[PDB]
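Shown below, as structure tokens, is a lone chain in the form deposited in one PDB entry; questions about how it binds or moves come after it.
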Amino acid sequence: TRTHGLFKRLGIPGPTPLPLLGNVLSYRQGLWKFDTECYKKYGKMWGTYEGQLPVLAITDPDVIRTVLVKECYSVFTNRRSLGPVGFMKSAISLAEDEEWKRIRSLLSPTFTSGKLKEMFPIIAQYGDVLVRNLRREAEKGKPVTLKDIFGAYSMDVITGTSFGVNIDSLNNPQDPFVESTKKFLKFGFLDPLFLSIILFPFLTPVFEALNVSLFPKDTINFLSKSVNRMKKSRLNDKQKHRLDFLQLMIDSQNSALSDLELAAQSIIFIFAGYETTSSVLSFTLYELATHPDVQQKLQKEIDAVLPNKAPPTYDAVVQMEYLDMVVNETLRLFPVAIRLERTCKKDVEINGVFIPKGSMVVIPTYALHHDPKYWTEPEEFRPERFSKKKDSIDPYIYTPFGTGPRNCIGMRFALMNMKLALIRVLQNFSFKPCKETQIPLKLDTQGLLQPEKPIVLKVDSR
């Protein structure tokens, strides 16, 4: 109740906060739904409270440009001050201020145009295994749980291109990396440990001293230990040397990246490479199965650019007009990060009102992606909205990978291996909804964008 008068003090609209909880009780419907309702109810700018933390939501593209680009280094340098996390504070998505600039600069050469071109044969090989394993479920005639097999593909791709190691997750029913990584998705806003940090932020140093973390400790330890084995095997074996993500961090120690810092960056990449890639792929295939005209029209383009099921090329992947439209439209309906989050490093006036230091500024990506002002009938899947040329698309309304220095470091990587998977499977298969298919697709109410029930489809040849 201490800060619960800040937004009325500035003449900013917003829902009335509950004394101890603020507006967190309104997250029960889903953080995406709360931002949508607030966007329609209030204007271009509304204020909420996560416990004591004041949260300013902005939708003016001119204002969004200021916080994400112009004043990114000036003020909005840090994303969000998370609770008790332990050594994971050095992870790039959690780092702050100059430490983040150092980590980001060191990791930036990971995804250049040349490095994307070199890892293409690695990704293409996993795609062959993907088509081979998906054929077995098709010839049997059983429904396919998309998040399983496409999750194994994503886990294989990220580990193979970042650490040069083939863990064979596509052919491992009990793959340890997937079992570990999917534990990051279980935590939600109404979890007792996390909810206590929201309501009582002063508990974060307490749990830190007690060595309690918001992250699953079994998962953190397995990945840290498993990554440390791949690093030691990289130094003893000079023949297995590739200029990749893991190597780039090993070269940092010649100057300087800690073993914990190296483990922190690896955990982010493994989680991002597995979860986001497989989630969006499962939405794309859901939208294709529920829109057969779009799927067959997408297959028509593939068979033309790659005649006779020809293996794709790097350039042929980035040439495809309709494929880029299908992926961009999936990311419009299902932006996996509901919002873009920035924290005021100092006191700043944003849109005229003065915002105190420590407050959070939020760009409601999901709400702006579903705005009827920018998208006619926003709940419908129409790849025709987009073209491969994005000259007309506002960079601050359509933000599936964020914008500015803090944008997604792996956007080009994520778009490549998703398109490669789609090309490979669509030139060999067609996806149909079945009895277990949930239509319409209901979104989950906790954390990242996830289906309420796992997406299952039937897969046939051709």
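Residues carry their position along the shown sequence, with the first being 1. Between two forms, the rigid core is defined as the largest C-alpha subset superposing within 1.5 Å.
Not on display, but discussed next: the form deposited in another entry.
Overlay on the rigid core first, then point out the one of 381, 189, 374, 100 whose CA is displaced 2 Å or more between the shown form and the other one. If I go through the list carefully, the shifting residue is 189.
How about residue 391 - superposed on the rigid core, does its CA move between the shown form and the other one by 2 Å or more? Superposed on the core, residue 391 moves its C-alpha 2 Å or more between the shown form and the other one.
Residue 146: Cα shift of 2 Å or greater between the shown form and the other one (core-aligned): Superposed on the core, residue 146 moves its C-alpha less than 2 Å between the shown form and the other one.
After the core is matched up, is the C-alpha of residue 81 off by 2 Å or more between the shown form and the other one? Comparing the forms between the shown form and the other one, which are aligned on their rigid core, residue 81 does not shift its C-alpha by 2 Å or more.
Between residue 410 and residue 187, do the C-alpha atoms lie closer or farther in the other form than in the shown form, with a difference of 3 angstroms or more? Compared with the form shown here, the C-alpha atoms of residue 410 and residue 187 sit closer together in the other form, by 3 Å or more.
Could you tell me whether residue 187 and residue 269 have their C-alpha atoms closer or farther apart in the other form than in the shown form, knowing the shift is 3 angstroms or more? Result: closer.
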